[PDB]
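Novice: My structure file upload-v1.cif, mmCIF, C-alpha atoms and all ligand atoms; chains and numbers go by the auth columns, is below:
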```cif
data_upload
#
loop_
_atom_site.group_PDB
_atom_site.id
_atom_site.type_symbol
_atom_site.label_atom_id
_atom_site.label_comp_id
_atom_site.label_asym_id
_atom_site.label_seq_id
_atom_site.Cartn_x
_atom_site.Cartn_y
_atom_site.Cartn_z
_atom_site.B_iso_or_equiv
_atom_site.auth_seq_id
_atom_site.auth_asym_id
ATOM 1 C CA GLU A 1 133.151 70.346 114.624 0.00 1 A
ATOM 2 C CA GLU A 2 136.687 70.868 113.178 0.00 2 A
ATOM 3 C CA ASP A 3 135.399 71.132 109.644 0.00 3 A
ATOM 4 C CA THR A 4 133.090 74.179 110.191 0.00 4 A
ATOM 5 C CA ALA A 5 135.370 76.048 112.641 0.00 5 A
ATOM 6 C CA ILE A 6 138.453 78.108 111.877 0.00 6 A
ATOM 7 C CA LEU A 7 141.254 76.350 113.788 0.00 7 A
ATOM 8 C CA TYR A 8 144.369 77.434 115.658 0.00 8 A
ATOM 9 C CA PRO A 9 146.192 74.620 117.486 0.00 9 A
ATOM 10 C CA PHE A 10 148.243 75.370 120.596 0.00 10 A
ATOM 11 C CA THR A 11 150.245 73.576 123.273 0.00 11 A
ATOM 12 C CA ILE A 12 150.762 74.752 126.874 0.00 12 A
ATOM 13 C CA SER A 13 152.333 73.685 130.174 0.00 13 A
ATOM 14 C CA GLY A 14 150.360 71.019 131.968 0.00 14 A
ATOM 15 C CA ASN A 15 150.997 72.702 135.303 0.00 15 A
ATOM 16 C CA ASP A 16 151.217 76.478 135.212 0.00 16 A
ATOM 17 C CA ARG A 17 147.813 78.199 135.449 0.00 17 A
ATOM 18 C CA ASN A 18 148.746 81.784 136.327 0.00 18 A
ATOM 19 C CA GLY A 19 147.406 84.778 134.477 0.00 19 A
ATOM 20 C CA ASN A 20 145.296 84.887 131.335 0.00 20 A
ATOM 21 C CA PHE A 21 145.165 83.227 127.940 0.00 21 A
ATOM 22 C CA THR A 22 144.879 86.348 125.797 0.00 22 A
ATOM 23 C CA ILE A 23 143.969 86.165 122.116 0.00 23 A
ATOM 24 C CA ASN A 24 144.017 88.858 119.446 0.00 24 A
ATOM 25 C CA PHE A 25 141.480 88.662 116.626 0.00 25 A
ATOM 26 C CA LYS A 26 141.322 90.926 113.603 0.00 26 A
ATOM 27 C CA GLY A 27 138.171 91.244 111.536 0.00 27 A
ATOM 28 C CA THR A 28 135.436 93.325 110.086 0.00 28 A
ATOM 29 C CA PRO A 29 134.848 96.422 112.177 0.00 29 A
ATOM 30 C CA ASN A 30 131.814 96.084 114.398 0.00 30 A
ATOM 31 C CA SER A 31 131.404 92.404 113.561 0.00 31 A
ATOM 32 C CA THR A 32 130.081 89.980 116.136 0.00 32 A
ATOM 33 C CA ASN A 33 131.971 86.784 116.820 0.00 33 A
ATOM 34 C CA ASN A 34 132.252 83.754 119.022 0.00 34 A
ATOM 35 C CA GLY A 35 134.254 80.613 119.458 0.00 35 A
ATOM 36 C CA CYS A 36 136.128 78.636 122.044 0.00 36 A
ATOM 37 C CA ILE A 37 139.395 77.556 123.517 0.00 37 A
ATOM 38 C CA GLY A 38 139.034 73.806 123.140 0.00 38 A
ATOM 39 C CA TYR A 39 141.220 71.168 124.641 0.00 39 A
ATOM 40 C CA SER A 40 141.392 67.475 125.348 0.00 40 A
ATOM 41 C CA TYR A 41 141.065 66.403 128.967 0.00 41 A
ATOM 42 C CA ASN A 42 141.008 62.713 129.857 0.00 42 A
ATOM 43 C CA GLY A 43 139.605 61.880 126.376 0.00 43 A
ATOM 44 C CA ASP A 44 136.864 64.480 126.438 0.00 44 A
ATOM 45 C CA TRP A 45 136.886 67.501 124.276 0.00 45 A
ATOM 46 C CA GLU A 46 136.106 70.439 126.513 0.00 46 A
ATOM 47 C CA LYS A 47 135.371 73.995 125.368 0.00 47 A
ATOM 48 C CA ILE A 48 135.751 77.388 127.057 0.00 48 A
ATOM 49 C CA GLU A 49 133.453 79.689 125.119 0.00 49 A
ATOM 50 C CA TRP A 50 134.380 83.248 124.184 0.00 50 A
ATOM 51 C CA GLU A 51 132.428 85.949 122.368 0.00 51 A
ATOM 52 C CA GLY A 52 132.912 89.559 121.378 0.00 52 A
ATOM 53 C CA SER A 53 132.631 92.293 118.821 0.00 53 A
ATOM 54 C CA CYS A 54 135.382 93.849 116.805 0.00 54 A
ATOM 55 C CA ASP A 55 135.922 97.512 117.497 0.00 55 A
ATOM 56 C CA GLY A 56 136.124 100.265 114.884 0.00 56 A
ATOM 57 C CA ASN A 57 139.734 99.291 114.139 0.00 57 A
ATOM 58 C CA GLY A 58 138.683 95.659 113.514 0.00 58 A
ATOM 59 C CA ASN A 59 140.233 94.510 116.765 0.00 59 A
ATOM 60 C CA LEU A 60 138.922 92.040 119.339 0.00 60 A
ATOM 61 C CA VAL A 61 140.970 90.999 122.361 0.00 61 A
ATOM 62 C CA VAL A 62 139.695 87.938 124.248 0.00 62 A
ATOM 63 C CA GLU A 63 140.929 87.226 127.746 0.00 63 A
ATOM 64 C CA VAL A 64 140.302 83.834 129.350 0.00 64 A
ATOM 65 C CA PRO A 65 141.778 83.057 132.782 0.00 65 A
ATOM 66 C CA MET A 66 144.303 80.207 132.570 0.00 66 A
ATOM 67 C CA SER A 67 142.506 78.801 135.632 0.00 67 A
ATOM 68 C CA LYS A 68 139.721 77.659 133.336 0.00 68 A
ATOM 69 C CA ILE A 69 141.981 75.027 131.775 0.00 69 A
ATOM 70 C CA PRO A 70 142.449 71.970 134.028 0.00 70 A
ATOM 71 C CA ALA A 71 145.871 70.983 135.170 0.00 71 A
ATOM 72 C CA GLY A 72 147.432 68.285 133.052 0.00 72 A
ATOM 73 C CA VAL A 73 146.024 69.608 129.784 0.00 73 A
ATOM 74 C CA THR A 74 148.801 70.297 127.378 0.00 74 A
ATOM 75 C CA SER A 75 147.201 70.867 123.972 0.00 75 A
ATOM 76 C CA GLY A 76 144.136 72.275 122.295 0.00 76 A
ATOM 77 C CA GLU A 77 142.689 74.501 119.584 0.00 77 A
ATOM 78 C CA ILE A 78 141.460 78.033 119.617 0.00 78 A
ATOM 79 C CA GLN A 79 138.380 77.978 117.336 0.00 79 A
ATOM 80 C CA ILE A 80 136.344 80.655 115.636 0.00 80 A
ATOM 81 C CA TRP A 81 132.697 79.613 115.355 0.00 81 A
ATOM 82 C CA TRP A 82 130.365 82.499 114.474 0.00 82 A
ATOM 83 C CA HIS A 83 131.887 85.409 112.615 0.00 83 A
ATOM 84 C CA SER A 84 129.436 87.871 111.125 0.00 84 A
ATOM 85 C CA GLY A 85 132.027 89.222 108.684 0.00 85 A
ATOM 86 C CA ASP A 86 135.685 88.306 108.451 0.00 86 A
ATOM 87 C CA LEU A 87 137.724 87.210 111.471 0.00 87 A
ATOM 88 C CA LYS A 88 141.153 85.726 111.973 0.00 88 A
ATOM 89 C CA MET A 89 143.408 85.152 114.984 0.00 89 A
ATOM 90 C CA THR A 90 146.650 87.118 114.744 0.00 90 A
ATOM 91 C CA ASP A 91 148.321 86.425 118.096 0.00 91 A
ATOM 92 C CA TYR A 92 147.913 84.831 121.486 0.00 92 A
ATOM 93 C CA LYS A 93 149.814 84.964 124.723 0.00 93 A
ATOM 94 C CA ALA A 94 149.530 82.250 127.352 0.00 94 A
ATOM 95 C CA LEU A 95 151.990 81.786 130.173 0.00 95 A
ATOM 96 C CA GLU A 96 155.467 82.479 128.779 0.00 96 A
ATOM 97 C CA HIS A 97 154.521 81.933 125.149 0.00 97 A
ATOM 98 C CA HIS A 98 154.055 84.952 122.893 0.00 98 A
ATOM 99 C CA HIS A 99 152.667 83.541 119.625 0.00 99 A
ATOM 100 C CA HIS A 100 152.163 85.303 116.320 0.00 100 A
ATOM 101 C CA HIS A 101 150.039 83.662 113.587 0.00 101 A
ATOM 102 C CA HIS A 102 151.783 84.594 110.314 0.00 102 A
HETATM 103 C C1 LIG B . 157.143 81.984 119.439 0.00 201 B
HETATM 104 AS AS1 LIG B . 156.056 81.393 117.942 0.00 201 B
HETATM 105 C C2 LIG B . 157.107 80.269 116.733 0.00 201 B
HETATM 106 O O1 LIG B . 154.801 80.487 118.650 0.00 201 B
HETATM 107 O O2 LIG B . 155.216 82.819 117.226 0.00 201 B
#
```
In structure tokens, how does this file's structure come out?
Specialist:
Amino acid sequence: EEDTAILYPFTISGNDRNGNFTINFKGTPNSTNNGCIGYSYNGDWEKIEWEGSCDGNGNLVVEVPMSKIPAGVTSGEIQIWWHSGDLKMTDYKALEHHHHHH
């Protein structure tokens, strides 16, 4: 699982579930891609799947409602699974956290 995916750990509030978890990916223009927002919940690893294509500028914005992550969850990993060309996460915003991946 971890070993074949490209990994981006995160932590969040256990309580606040307003808005979206928004993720910016940069990659080959017109590539197709998928992955998840994974997290631990009561000792299970749960996955919210995402998928999309990069546009002509190489950009892919993924939006996942925060409501999909159960209350009490405080940590996880954004993962890239399939990437037809190149893909990397550059940024995400969840709740009050504006994160840049250097
Ligand atoms: C605010 As930061 C250190 O997660 O880019």
Novice: Using only C-alpha atoms and all ligand atoms, what are the residues with an atom within 7 Å of ligand LIG 201 (chain B), set out as a PyMOL selection string?
Specialist: chain A and resi 97-101
Novice: Translate the PyMOL selection byres (((chain A and resi 1) around 12) and not hetatm) into a concrete residue list for this structure, as number ranges by chain.
Specialist: A: 2-7, 35-36, 38, 45, 47, 77, 79-81
Novice: Step by step, work through what the PyMOL selection byres (((chain A and resi 56) around 7) and not hetatm) selects in the shown file, and finish by giving those residues as a count of residues only.
Specialist: 6
Novice: Between CA of residue 50 in chain A and CA of residue 78 in chain A, measure the distance and give it in Å to one decimal.
Specialist: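 Rounded to one decimal, the two atoms are 9.9 Å apart.
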Novice: With a distance cut-off of 8 Å and only C-alpha atoms, select the neighbouring residues of range 63-72 of chain A, excluding the residue or stretch itself and same-chain residues fewer than 6 positions from it, and output the selection as number ranges by chain.
Specialist: A: 13-23, 41, 48, 50, 94
Novice: Find the distance between CA of residue 73 in chain A and CA of residue 26 in chain A and write it in Å to one decimal.
Specialist: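 Atom-to-atom, CA of residue 73 in chain A to CA of residue 26 in chain A, that is 27.2 Å.
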Novice: Grab the CA of residue 44 in chain A to CA of residue 61 in chain A distance for me, in Å with one decimal place.
Specialist: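 Here the two named atoms are 27.1 Å from each other.
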Novice: Determine the nearest neighbour of residue 93 in chain A from the options A:49, A:75, A:8, A:24, counting all atoms listed in the file.
Specialist: A:24
Novice: Determine the nearest neighbour of residue 84 in chain A from the options A:96, A:51, A:42, A:12, counting all atoms listed in the file.
Specialist: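 That would be A:51, the residue with the smallest distance to residue 84 in chain A.
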Novice: In terms of the shortest atom-to-atom distance over all atoms listed in the file, which of A:102, A:11, A:91, A:83 is closest to residue 33 in chain A?
Specialist: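 Ranking A:102, A:11, A:91, A:83 by distance to residue 33 in chain A, first place goes to A:83.
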Novice: Can you sort out the box for range 61-68 of chain A, edges along x, y and z, all listed atoms in, 4 Å on every side, with centre and edge lengths in Å to one decimal, as JSON?
Specialist:
```
{"center_x": 142.0, "center_y": 84.3, "center_z": 129.0, "size_x": 12.6, "size_y": 21.3, "size_z": 21.3}
```
Novice: Quick test: take range 19-59 of chain A, keep N, CA and C atoms, and write it as a short mmCIF file (atom, residue, chain, number, x, y, z; two decimals), in the first residue's frame.
Specialist:
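Contents of decode_20.cif, freshly written:
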```cif
data_model
loop_
_atom_site.label_atom_id
_atom_site.label_comp_id
_atom_site.auth_asym_id
_atom_site.auth_seq_id
_atom_site.Cartn_x
_atom_site.Cartn_y
_atom_site.Cartn_z
N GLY A 19 -16.89 22.66 5.25
CA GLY A 19 -16.21 22.95 4.01
C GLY A 19 -15.62 21.72 3.34
N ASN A 20 -14.60 22.00 2.50
CA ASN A 20 -13.95 21.00 1.69
C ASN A 20 -12.48 20.81 2.11
N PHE A 21 -11.99 19.63 1.81
CA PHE A 21 -10.56 19.31 1.77
C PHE A 21 -10.18 19.48 0.29
N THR A 22 -9.43 20.54 -0.02
CA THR A 22 -9.10 20.82 -1.39
C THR A 22 -7.63 20.60 -1.61
N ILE A 23 -7.29 19.92 -2.71
CA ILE A 23 -5.91 19.49 -2.96
C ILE A 23 -5.53 19.94 -4.36
N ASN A 24 -4.33 20.50 -4.49
CA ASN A 24 -3.79 20.89 -5.77
C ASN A 24 -2.71 19.92 -6.21
N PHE A 25 -2.91 19.34 -7.38
CA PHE A 25 -1.92 18.46 -8.02
C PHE A 25 -1.42 19.12 -9.29
N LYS A 26 -0.14 18.90 -9.56
CA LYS A 26 0.53 19.38 -10.75
C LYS A 26 1.13 18.18 -11.47
N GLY A 27 0.92 18.09 -12.77
CA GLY A 27 1.42 16.95 -13.50
C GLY A 27 1.37 17.12 -14.99
N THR A 28 1.57 16.02 -15.68
CA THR A 28 1.61 16.07 -17.12
C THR A 28 0.27 16.57 -17.64
N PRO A 29 0.29 17.55 -18.55
CA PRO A 29 -0.99 17.97 -19.11
C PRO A 29 -1.75 16.82 -19.72
N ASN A 30 -3.05 16.81 -19.43
CA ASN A 30 -3.98 15.83 -19.95
C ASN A 30 -3.78 14.42 -19.39
N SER A 31 -2.94 14.28 -18.37
CA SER A 31 -2.79 12.99 -17.73
C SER A 31 -4.04 12.60 -16.97
N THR A 32 -4.18 11.30 -16.73
CA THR A 32 -5.27 10.80 -15.90
C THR A 32 -4.68 10.25 -14.62
N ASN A 33 -5.41 10.40 -13.52
CA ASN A 33 -4.84 10.21 -12.19
C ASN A 33 -5.89 9.76 -11.21
N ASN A 34 -5.49 9.03 -10.19
CA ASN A 34 -6.37 8.76 -9.09
C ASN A 34 -5.59 8.49 -7.83
N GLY A 35 -6.29 8.46 -6.71
CA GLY A 35 -5.69 8.25 -5.43
C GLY A 35 -6.69 8.27 -4.34
N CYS A 36 -6.27 8.63 -3.14
CA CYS A 36 -7.23 8.73 -2.04
C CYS A 36 -6.79 9.80 -1.05
N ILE A 37 -7.71 10.11 -0.15
CA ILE A 37 -7.41 10.67 1.16
C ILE A 37 -7.64 9.51 2.12
N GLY A 38 -6.57 9.01 2.70
CA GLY A 38 -6.63 7.89 3.61
C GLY A 38 -6.43 8.34 5.02
N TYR A 39 -7.01 7.59 5.94
CA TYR A 39 -6.95 8.00 7.33
C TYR A 39 -7.22 6.79 8.19
N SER A 40 -6.75 6.87 9.42
CA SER A 40 -7.02 5.82 10.39
C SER A 40 -8.22 6.21 11.23
N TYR A 41 -9.12 5.24 11.39
CA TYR A 41 -10.36 5.41 12.14
C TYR A 41 -10.62 4.13 12.92
N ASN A 42 -10.50 4.23 14.24
CA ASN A 42 -10.67 3.08 15.12
C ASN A 42 -9.87 1.85 14.68
N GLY A 43 -8.62 2.07 14.26
CA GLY A 43 -7.73 0.98 13.81
C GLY A 43 -8.00 0.39 12.42
N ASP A 44 -8.86 1.05 11.66
CA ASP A 44 -9.04 0.66 10.28
C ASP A 44 -8.47 1.77 9.46
N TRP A 45 -7.88 1.37 8.35
CA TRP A 45 -7.45 2.33 7.37
C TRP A 45 -8.56 2.50 6.36
N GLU A 46 -9.11 3.70 6.31
CA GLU A 46 -10.22 4.01 5.44
C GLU A 46 -9.72 4.96 4.36
N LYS A 47 -10.36 4.89 3.19
CA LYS A 47 -9.90 5.63 2.00
C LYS A 47 -11.10 6.35 1.38
N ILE A 48 -10.92 7.62 1.09
CA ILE A 48 -11.86 8.38 0.24
C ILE A 48 -11.19 8.52 -1.10
N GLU A 49 -11.74 7.89 -2.12
CA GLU A 49 -11.11 7.89 -3.43
C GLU A 49 -11.33 9.22 -4.15
N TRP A 50 -10.33 9.64 -4.93
CA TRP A 50 -10.46 10.77 -5.82
C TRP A 50 -9.88 10.36 -7.16
N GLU A 51 -10.29 11.06 -8.21
CA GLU A 51 -9.77 10.83 -9.55
C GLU A 51 -9.91 12.11 -10.36
N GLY A 52 -9.04 12.31 -11.33
CA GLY A 52 -9.22 13.40 -12.25
C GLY A 52 -8.11 13.47 -13.25
N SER A 53 -8.30 14.36 -14.23
CA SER A 53 -7.31 14.60 -15.26
C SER A 53 -6.69 15.96 -15.09
N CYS A 54 -5.41 16.07 -15.38
CA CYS A 54 -4.78 17.36 -15.42
C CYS A 54 -5.26 18.12 -16.65
N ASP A 55 -5.41 19.42 -16.49
CA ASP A 55 -5.80 20.27 -17.60
C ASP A 55 -4.59 20.60 -18.45
N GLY A 56 -4.77 21.50 -19.43
CA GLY A 56 -3.69 21.83 -20.34
C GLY A 56 -2.52 22.56 -19.71
N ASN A 57 -2.74 23.11 -18.52
CA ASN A 57 -1.70 23.76 -17.72
C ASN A 57 -1.06 22.77 -16.74
N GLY A 58 -1.44 21.49 -16.78
CA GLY A 58 -0.92 20.51 -15.85
C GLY A 58 -1.58 20.51 -14.50
N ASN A 59 -2.71 21.20 -14.36
CA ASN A 59 -3.31 21.39 -13.05
C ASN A 59 -4.50 20.47 -12.83
#
```
